[PDB]
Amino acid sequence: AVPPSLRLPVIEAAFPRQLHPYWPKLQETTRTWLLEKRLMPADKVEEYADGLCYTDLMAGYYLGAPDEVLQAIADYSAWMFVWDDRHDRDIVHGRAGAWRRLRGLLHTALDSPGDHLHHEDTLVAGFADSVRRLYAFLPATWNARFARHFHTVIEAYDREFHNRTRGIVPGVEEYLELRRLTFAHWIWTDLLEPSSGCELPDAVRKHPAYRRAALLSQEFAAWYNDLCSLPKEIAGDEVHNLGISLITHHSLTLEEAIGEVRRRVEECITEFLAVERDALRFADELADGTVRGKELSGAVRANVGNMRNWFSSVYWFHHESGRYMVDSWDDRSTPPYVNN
């Protein structure tokens, strides 16, 4: 089963898994999309793609999403992983010029993806493809919000570059602000809306209960990744991890830091369960008997429901994905699925 140091019985008992019915087609289609966009080598796609469970992760998250919405999300999510991989490889191989150029290309492509569908850099071209498809579901105000959020995410990745180049391990709270961006908290929160087929008015999505529930879902996911990816990231000289920040700055041992991380991870679960009642109560309040009210009520309920799904999907993803199976690699510093 799941290692005791990563065991979360509450998740296993109170957060039952869910799987989108489109998943089987999703797994094959994203794999095809990875190949035809040349984002991974053909033989690495063959050997590793399905084992990475990227599609599985998303299909256990955005339940109720239209098939084409889930597809665009999965393709984007898969791109996000290979972006993390080249971000890592640029740092290790010390390719600062290449990173800065990619950084500039991503910013530009984010606002104008159509112009970049056939850019020479395949990573850019793949990004433009998934982003443009994501822009075809909801009004431009949502597209603008997604872009504004991802612009921040890119710069967050640039901060990580400069931290790792200089060996700077961020302070605990410095990291926590940073982790909200490098994990793309608000992208995932944004994508809840096209999954339920409705852009929420600011007044609804900025409701304190919605805000708190959305945050707690992402804080759990990010910090659990830190807990589970810690072995691979130490071996890979990654410095961005709550466990690492606690060791470096609070003189915690490895054993102590792991215990501290899971406690914070567990606080997320119980805090979420509290505010989930508030968020769900808010959903009931939106249903005032009007058509518009019924729409907003249903959207919020689905979204909060998927905030909950994020817990279970992320939890099992870290135990099923080959991305974190560092023990099974010849070279622990270089993941076999990574373009080296």
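Residue indices: 1-based, along the sequence shown.
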Of 179-187 and 233-241, which one has the bigger average CA B-factor?
233-241
Got a sec? Mean C-alpha B-factor, which is higher, 127-135 or 164-172?
164-172
If I read the C-alpha B-factors straight from the PDB entry, which of 74, 92, 156, 222 is highest?
92
Looking at the C-alpha B-factor values in the deposited entry, which of 314, 42, 53, 307 comes out highest?
42
Tell me, lowest, middle or highest third: where does the Cα B factor of residue 302 rank within its chain?
lowest
Check where residue 274 lands among this chain's C-alpha B-factors and tell me if it's the lowest, middle or highest third.
lowest
Residue 23, C-alpha B-factor rank within chain (lowest, middle or highest third):
middle
Residue 264 CA temperature factor, ranked by third within the chain:
middle
Sort the modelled residues of this chain by their C-alpha B factor and say whether residue 253 lands in the lowest, middle or highest third.
highest
